[PDB]
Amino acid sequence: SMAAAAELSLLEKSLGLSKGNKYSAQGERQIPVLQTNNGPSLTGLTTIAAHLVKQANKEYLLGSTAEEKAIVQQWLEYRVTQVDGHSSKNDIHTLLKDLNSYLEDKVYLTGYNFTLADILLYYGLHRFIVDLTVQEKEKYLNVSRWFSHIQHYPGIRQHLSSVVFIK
């Protein structure tokens, strides 16, 4: 996995937050911790990510209805339990197959609206997608379409390598 500190730095810049925070790391898993000015400390990649989205006055990225909010959090949890964990380690391809089926009829993870879930899933999948062969990217047609769209979404990709897809 991308180090949490680096991913939060990416997210800050993609959100347009001019002042980068300094994060500490807690426990053996190096879980990120944010100390807040005139607020409590926050622990956890997705927990801090949602807080940053709010700091950027972009709360719409967390979803705009009860359903969309739940779906966003489902995919954030998916990122930190399946993509970052053993599920990806042991069988990246069943994960890609399911994600490919899921994205068959959707532009973004929730549907028609871009959310924090697309950002974090893009950052989390990036190490796997860069390693896919040309044939693998043709097989996972929907993941490739979605990934290609996010990697070109204004301000998201930053320093990360572009992946080549066929249109």
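Quick note: we count residues from 1 along the sequence shown, nothing fancier.
Entry-level comparison of average CA B-factors, 12 to 20 and 145 to 153, reporting the higher stretch: Stretch with the higher mean C-alpha B-factor: 12 to 20.
Give the stretch, out of 39 to 47 and 101 to 109, with the larger mean C-alpha temperature factor in the deposited entry. Comparing 39 to 47 with 101 to 109, the higher average CA B-factor belongs to 39 to 47.
Pick out which of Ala117, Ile129, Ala70, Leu34 has the highest C-alpha B-factor in the PDB entry. Highest CA B-factor of the listed options: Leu34.
Lowest, middle or highest third: where is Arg29 by Cα B-factor in its chain? Highest third, going by the recorded CA B-factors of the chain.
Would you mind ranking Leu76 by its C-alpha B-factor against the rest of the chain and naming the third, lowest, middle or highest? Lowest third.
Within this chain, which third does the Cα B-factor at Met2 fall in: lowest, middle or highest? For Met2, whose C-alpha B-factor we compare with every modelled residue in the chain, the answer is the highest third.
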